[PDB]
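Q: I need the structure of the sequence given here:
(one chain, ligands or ions: 1)
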Amino acid sequence: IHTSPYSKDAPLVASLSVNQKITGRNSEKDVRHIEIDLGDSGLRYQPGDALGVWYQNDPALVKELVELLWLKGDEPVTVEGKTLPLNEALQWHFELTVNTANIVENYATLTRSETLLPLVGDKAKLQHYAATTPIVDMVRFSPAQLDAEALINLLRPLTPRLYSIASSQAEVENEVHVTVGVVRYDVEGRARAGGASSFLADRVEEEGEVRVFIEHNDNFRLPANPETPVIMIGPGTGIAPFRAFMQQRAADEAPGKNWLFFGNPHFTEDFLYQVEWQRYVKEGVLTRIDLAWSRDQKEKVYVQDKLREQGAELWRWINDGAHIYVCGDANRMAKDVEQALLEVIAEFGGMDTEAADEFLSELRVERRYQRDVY
Ligand SMILES: Cc1cc2nc3c(=O)[nH]c(=O)nc-3n(C[C@H](O)[C@H](O)[C@H](O)COP(=O)(O)OP(=O)(O)OC[C@H]3O[C@@H](n4cnc5c(N)ncnc54)[C@@H](O)[C@H]3O)c2cc1C
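A: Residues are numbered from 1 along each chain as shown. Sure, structure below:
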């Protein structure tokens, strides 16, 4: 019923309409609010879905790599059977911004780096090297000749990055919006960044071309049912889909109660989309909002601490049939929010541990505990 030309292979050639820094002038983060125009295409998506974004590497990063190897583009290389100049394969077809244990160990072996060979066969050193030294600086630090084919052989194909959608088409129309944290760091003074997030944030697009597709997520959806209470836990860039949810519930005039738990380092710099949350609260759509600012005062505070502190009202909402949503960092945040939810269930339901556990699992079976963590 909704088939669509357009997918990860065959993406829509869309364009960039807004690229706006959303963190204040003293934040440590660079977060962009992006809006991509979907023209005529009819690309459709629902709150909860994600936008797949094809990206190109930075041409100044390819150039730095090409030059440290003594090559230029000129060098023909084979990518999936077609013959291309090396700087095109590097800009469009291969990953340059993520280093791995495997790429280090292979590059070490291949070039016989005098300086990286001591890492070969040592997992912990390899992962540590990779986790701190991007490809381009591994080559700076270990000069060695590499043909263009041996260079391409070593790299991993480029793949699109997924960004939770931050808009509802009922509000925005033929537009998609996304909330991108831009990965930025430096090695000795050389500015480095995430391939896709820095592409969106700094390069291709000027107001300008982007290749996109929808990654549907039927396991991350508002209640069909405008009256069911929703609980939303999305710190940092995890707030995206919750901006999709609220655009939807405001446009549909759903009367259901909505609660947002949000968190980030500083109230005055990292309150993503702060004046929307104020208008939502003012219009009656956002019922409750709890905020955790980790760096504003000494003791570190996170959304899990706020869940714990609102346990009793959380338990009352859960008992009113609330849906619970978690979005954001899978590594520590998802796990710490889970435990806090288990502790709220145990303490305000009457149960302790295994029963709290069965209770959350029943909520998930049942589709009242949905997560999009990454
Ligand atoms: C379903 C889903 C939804 C998502 N939603 C969002 C979203 O709403 N917003 C969002 O921002 N992201 C989201 N992401 C994550 C996003 O897809 C990306 O993985 C993220 O944008 C990073 O991609 P990148 O291309 O910019 O960087 P990459 O190029 O993939 O790289 C990150 C890296 O930089 C290096 N690195 C970083 N810092 C340093 C340092 N100091 N020292 C040396 N090495 C370092 C690399 O080795 C690795 O660490 C989502 C992911 C998924 C799967």
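
Q: tell me the contacts of the closest residue to the ligand within the stretch 151-300 of the chain?
A: In the stretch 151-300 of the chain, the residue found nearest to the ligand is residue 194; the distance is 2.2 Å by CB to the nearest ligand atom. Bear in mind the C-beta positions are built from the backbone N, C-alpha and C, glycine included. Contact analysis of residue 194 by CB atoms under 8 Å, 6 or more residues apart in numbering lists 97, 182, 183, 184.

Q: mind listing what's buried in stretch 158-170?
A: 158, 160, 161, 162, 163, 164, 165, 166, 167, 168, 169 (16 or more other CB atoms under 10 Å).

Q: could you export that stretch as PDB, CA atoms only?
A: Taking Å, rounded to 0.1, in the frame of the first residue of the first chain, the C-alpha atoms of stretch 158-170 are listed here in PDB:
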ATOM      1  CA  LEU A 158      31.200   3.600   3.000                       C
ATOM      2  CA  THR A 159      27.700   3.100   4.400                       C
ATOM      3  CA  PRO A 160      24.800   5.500   5.200                       C
ATOM      4  CA  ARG A 161      24.400   6.700   8.800                       C
ATOM      5  CA  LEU A 162      20.900   6.600  10.500                       C
ATOM      6  CA  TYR A 163      19.500   9.700  12.300                       C
ATOM      7  CA  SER A 164      16.200   9.400  14.300                       C
ATOM      8  CA  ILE A 165      13.600  11.600  12.600                       C
ATOM      9  CA  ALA A 166      12.800  14.700  14.500                       C
ATOM     10  CA  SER A 167       9.700  15.900  12.800                       C
ATOM     11  CA  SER A 168       6.200  14.800  11.900                       C
ATOM     12  CA  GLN A 169       4.900  15.300   8.300                       C
ATOM     13  CA  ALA A 170       1.600  16.300   9.800                       C
END
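
Q: could you see whether the ligand lies near it?
A: Yes: contact of stretch 158-170 with the ligand (CB under 6 Å from any ligand atom) involves 161, 162, 163, 164.

Q: same thing with stretch 212-221?
A: No: judged by CB under 6 Å from any ligand atom, stretch 212-221 and the ligand are separated, with a smallest distance of 7.1 Å.

Q: residue 268: what's it in contact with?
A: Contacts for residue 268 (CB under 8 Å, 6+ apart) come out as 24, 26.

Q: next one: residue 287
A: Contacts of residue 287 (CB under 8 Å, 6+ apart): 257, 258, 259.

Q: surely the last one meets residue 234?
A: So that's residue 259. No: contact between residue 259 and residue 234 fails when scored by CB atoms under 8 Å: they sit 11.4 Å apart.

Q: neighbour-wise, which of those two wins?
A: Set residue 259 next to residue 234 and count neighbours by other CB atoms under 10 Å: residue 234 wins out with 28 against 20.

Q: and that one, what is it in contact with?
A: By CB under 8 Å, 6+ apart, residue 234 lies in contact with 240, 241, 242, 260, 261, 262, 325, 326, 327, 328.

Q: tell me the one of those residues nearest residue 313?
A: Nearest to residue 313, judged by CB to CB, of the contacts of residue 234 is residue 261 at 11.7 Å.

Q: what is the neighbour count of the closest one?
A: Using other CB under 10 Å, residue 261 has 29 other residues around it.

Q: what does stretch 112-126 contact?
A: Stretch 112-126 is contacted from outside by 101, 104, 105, 107, 108, 109, 129, 138, 141, 142, 144, using CB under 8 Å, 6+ apart.

Q: how about a cut-off of 10 Å?
A: 100-109, 111, 127-130, 133, 138-139, 141-144 (CB atoms under 10 Å, 6 or more residues apart in numbering).

Q: what about the helices in the protein?
A: 59-68, 86-88, 101-111, 123-132, 135-141, 148-154, 195-202, 240-251, 274-282, 303-309, 311-319, 335-348, 353-364 (DSSP state H).

Q: so the fourth one versus helix 101-111, what angle?
A: The directions of helix 123-132 and helix 101-111 differ by 100 degrees, with axes from the mean of the first three to the mean of the last three CA atoms, to 10 degrees as the criterion.

Q: same question for the first one.
A: For helix 59-68 against helix 101-111, the angle between stretch directions is 30 degrees (the same axes, to 10 degrees).

Q: check which residues of helix 59-68 are buried.
A: 61, 62, 64, 65, 66, 68.

Q: and the buried residues of stretch 158-170, which two are the farthest apart?
A: Pairwise distances across the buried residues of stretch 158-170 peak at 30.0 Å for 158 and 168 (criterion: CB to CB).

Q: and the residue nearest the centre of the chain, what is it in contact with?
A: Centroid-nearest residue in the chain, with CA atoms, centre = their mean: residue 163, separated by 5.0 Å. Listed by CB under 10 Å, 6+ apart, the contact partners of residue 163 are 34, 50-53, 176-181, 196-197, 200, 212, 215, 237, 240, 374.

Q: so stretch 10-26, near the ligand or not?
A: No: on the criterion CB under 6 Å from any ligand atom, stretch 10-26 is out of touch with the ligand, staying 11.3 Å away.
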